[PDB]
Amino acid sequence: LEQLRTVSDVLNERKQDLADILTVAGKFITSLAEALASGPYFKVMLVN
Amino acid sequence: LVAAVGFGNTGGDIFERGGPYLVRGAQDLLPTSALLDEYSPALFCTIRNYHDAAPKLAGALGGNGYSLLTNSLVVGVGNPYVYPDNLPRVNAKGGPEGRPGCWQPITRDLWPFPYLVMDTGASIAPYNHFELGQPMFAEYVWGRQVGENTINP
Amino acid sequence: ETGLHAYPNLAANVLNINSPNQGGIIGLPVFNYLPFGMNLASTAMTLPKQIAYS
Amino acid sequence: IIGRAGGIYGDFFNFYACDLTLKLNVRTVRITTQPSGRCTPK
Amino acid sequence: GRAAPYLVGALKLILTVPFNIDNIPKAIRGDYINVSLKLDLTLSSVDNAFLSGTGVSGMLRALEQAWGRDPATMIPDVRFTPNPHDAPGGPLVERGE
Amino acid sequence: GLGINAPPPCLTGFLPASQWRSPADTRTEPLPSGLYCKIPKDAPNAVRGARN
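Rules behind the numbers
Residues numbered from 1 in each chain as written, not as in the entry; some residues may be left out. Chains lettered and ligands numbered in written order. Part of a larger assembly, values for the part shown. Heavy atoms only, no water. Helix = DSSP H or I, 4+ residues; strand = E, 2+ residues; numbered from the N terminus. Rg over C-alpha atoms; globule rule 2.2 N^0.38 Å. Buried < 20%, exposed > 50% of the residue type's maximum accessible area, 1.4 Å probe, protein only. Areas by Shrake-Rupley, 256 points an atom, 1.4 Å probe, with all protein chains shown as cover. Disulfide = S-S within 2.5 Å. Contact = heavy atoms within 4.5 Å. Buried area = accessible area lost by both parts, 1.4 Å probe. Salt bridge = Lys/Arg side-chain N within 4 Å of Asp/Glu carboxyl O. Core = buried A, V, L, I, M, F, W, Y, C linked by side-chain atoms within 4.5 Å. 1 Å grid on protein atoms, 1.4 Å probe; cavity = no way out; pocket = protein on both sides within 12 Å on 5 of 7 lines; lining within 4 Å. Points joined across faces, edges and corners; volume = space filled by probe spheres on them. Nonpolar A, V, L, I, M, F, W, Y, C, P; charged D, E, K, R; others polar. Polar contact = N/O pair within 3.5 Å; in protein donor to acceptor, adjacent residues only side chain to side chain. Pairing = 2+ DSSP bridges.

In terms of determination method and resolution, the entry is listed under cryo-EM at 2.76 Å.

Printed below as a string of structure tokens:
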């Protein structure tokens with residue numbers, strides 16, 4: 001219970017960071033997986 | 001008796017608020033628990049392999065400090081997915097050799113990873129030969145292309 | 001919700017990206033674009049010995 | 001950063017090759033490198 | 001519990017499988033991923049990329065191997081290096097039980 | 001991969017072509033939401049996209 005306390009404390013101090021992770025990672029996974037959908041490859045825009 | 005009154009009231013309130021929640025959670029945890037148990041063998045090896053590969057995939061993209069290191073060789077690509085047959089599926093199950101697990105670590109002594117075909121509707125299994133692309137030439141004005149789309153090249 | 005919905009398909013597609021014989025990941029380069037496109041041939045990504053069934 | 005890296009301009013990833021070189025036989029011939037700009041050590 | 005010591009290090013990669021979190025802010029400077037292109041045209045790369053799976057898989061592989069190049073620095077010859085599927089002793093799989 | 005424009009990229013449902021940013025600017029901006037290949041849900045292009 002004590003080690004769970006310290007783990008949960010470091011998690012609770014960074015609960016806003018967990019929420020930010022979920023928020024900013026749930027809004028681009030479809031967009032990122034879109035590129036590698038056409039075929040057995042992934043498109044790239046080689047600017048140079 | 002007074003302490004029993006107070007404790008009984010408080011505990012009854014807490015239990016009445018959080019009892020059905022726990023009951024339905026423990027009822028709904030059966031499929032997730034069975035799934036986690038079924039695919040337990042591929043946990044330690046997966047985490048071990050990711051830990052092993054983390055320094056390498058970190059030094060690859062962090063070695064220069066301003067770019068990424070890649071080895072660029074030209075190759076041919078397969079036929080794009082057809083509409084009805086290659087639709088996404090989420091019916092993947094099992095692991096290598098029919099049961100969940102991991103391959104032994106891939107050094108340079110055994111470099112080619114065995115391709116694992118899963119029930120997803122997309123695969124590159126029959127690419128065992130050099131063949132000309134089925135949509136070899138395509139026109140994007142009237143949508144007419146040379147060759148017939150297929151799933152069996 | 002969106003992660004749980006969209007990650008398995010990303011995982012399956014990136015697994016299908018990898019070419020066992022050539023190693024690594026294959027990335028083809030890309031008015032909007034040219035009216036005509038070509039795909040000369042497809043190389044042997046795998047071999048009959050390298051195929052293991054899930 | 002990776003969310004705004006690729007997949008926002010279309011159906012493709014965004015790559016920016018600052019330094020491209022040719023390897024052939026076993027000498028490696030350097031073609032283009034960018035000293036300063038978006039690709040500097042940081 | 002078996003993988004508990006390695007989990008903290010795996011979290012650097014086990015979420016973003018191809019990207020390592022440590023050096024993202026300097027590799028990707030906004031809207032464009034940086035990359036360095038090593039366009040290799042060595043006969044090993046040509047043999048593996050194009051002539052694999054056919055009857056001329058060894059036409060120019062031995063041509064490079066007979067030269068000063070060494071097998072260690074060459075990409076493995078897919079027709080001879082064993083794989084975890086058909087390697088001697090049966091399939092080479094590790095299962096946690 | 002060899003072969004140019006064999007699958008064409010779908011710019012339908014992504015950032016406008018005039019909203020593309022110059023590579024000379026390293027400033028990171030907030031990422032917009034709800035962008036994916038918005039093609040009519042047929043044809044060989046992007047069969048395994050989000051819409052499926």
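Moving on, there is more to tell.
This paragraph deals with the overall build of chain C. Counting secondary structure elements, chain C contains one helix and three strands. Ordered by position from N to C terminus, the α and β elements of chain C give α-β-β-β. Taking 54 residues into account, the globule formula puts the C-alpha radius of gyration at 10 Å, and chain C, at 16 Å, lies well above it. A total of 54 residues make up chain C; the buried ones form 48% of that total. Carbon and sulfur atoms provide 70% of the accessible area of chain C, an area that totals close to 2700 Å².

Once that is clear, we can look at the state of the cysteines. In protein structure, a disulfide is the covalent linkage between the sulfur atoms of two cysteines. Here the structure, examined in full by the defined rule, presents three disulfides over all chains. At a sulfur-sulfur separation of 2.0 Å, the disulfide partner of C18 of chain D is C39 of chain D. Around the S-S axis, the bridge from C18 of chain D to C39 of chain D shows a dihedral of about -95° and counts as left-handed. Accessibility classification places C18 of chain D together with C39 of chain D in one group, the buried group. Linked covalently through their sulfurs, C10 of chain F and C37 of chain F form a disulfide whose S-S length is 2.0 Å. As the torsion about the S-S bond is roughly -120°, the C10 of chain F-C37 of chain F disulfide counts as left-handed. Each member of the pair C10 of chain F and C37 of chain F is classed as buried.

With that settled, the discussion passes to the interface of chain F and chain D. Each partner contributes to the interface: chain F provides 16 residues, whereas chain D provides eleven residues. Carbon and sulfur atoms supply 63% of the area that chain F and chain D bury against each other, a total of about 1200 Å² over both sides. Taken as a group, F14, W20 and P23 of chain F account for 32% of the area that chain F buries against chain D, more than any other trio of residues on that side. Counting across the chain F and chain D interface gives one salt bridge. A salt bridge links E29 of chain F to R4 of chain D; the shortest N-O distance between them is 3.1 Å.

Take the nonpolar core next. In terms of nonpolar packing, the biggest core is built from 22 residues, with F42 of chain A, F13 and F15 of chain D together with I28 of chain E touching the most fellow members. With four residues, strand β1 (residues 13–23) of chain D is the single largest residue contributor to this core. Residue contacts for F13 of chain D: discarding those within four places in its chain leaves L32, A35, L36, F42, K43, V44 and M45 of chain A together with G6 and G7 of chain D. Counting residues in each nonpolar core, the second largest holds twelve residues, with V75 and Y127 of chain B, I51 of chain C together with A49 of chain E among its members.

Glancing now at the layout of surface pockets. Its volume calculated, the second largest pocket comes out at about 560 Å³. Residue lining of the second largest pocket: 23 residues in total, with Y140 of chain B together with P8, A43, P44 and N45 of chain F positioned closest to the centre. For the lining of the second largest pocket, the class distribution of residues is 14 nonpolar, six polar and three charged.

Another point: the side chain of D77 of chain E. Residues and elements named next belong to chain E. Relative to the elements of secondary structure, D77 occurs in the loop between α4 (61–65) and β2 (93–94). There is a polar contact of 3.1 Å between the side chain of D77 and the side chain of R61. Non-local contacts of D77, meaning those with residues more than four positions away in its chain, are made with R61 and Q65.

With that settled, consider the environment of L22 of chain D. Topologically, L22 of chain D is positioned in strand β1. Overall, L22 of chain D belongs to the partly exposed group, its relative accessible area being 22%. Ignoring sequence-local partners within four residues, the contact set of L22 of chain D consists of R27, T28, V29 and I31 of chain D together with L39 of chain E.

Contact with chain E, which involves 47 residues of that partner, is made by 44 residues of chain B. Here chain E and chain B share an interface that buries about 4200 Å² over both sides, 63% of which is from carbon and sulfur atoms. In terms of surface lost to chain B, no three residues of chain E exceed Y6, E94 and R95 of chain E, which account for 16% of the buried area on that side. Taken together, chain E and chain B are joined by one salt bridge. Residues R99 of chain B and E97 of chain E are paired through a salt bridge, measuring 3.6 Å at the closest nitrogen-oxygen approach. If you look at where chain E meets chain B, you find 15 residue pairs in polar contact. Going through the elements one at a time, α1 (4–10), α2 (24–27), β1 (33–40), α3 (43–49) and β2 of chain E are the ones with two or more residues in the side of chain E that touches chain B. No other element matches the seven residues that β1 of chain E contributes to the side of chain E that touches chain B. Residue composition of the side of chain E that touches chain B, by class: 26 nonpolar, 13 polar and eight charged. By the bridge criterion, two bridges tie strand β2 (residues 102–103) of chain B to β2 of chain E in an arrangement that is antiparallel. The partner of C102 of chain B across the bridge, within β2 of chain E, is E94 of chain E.

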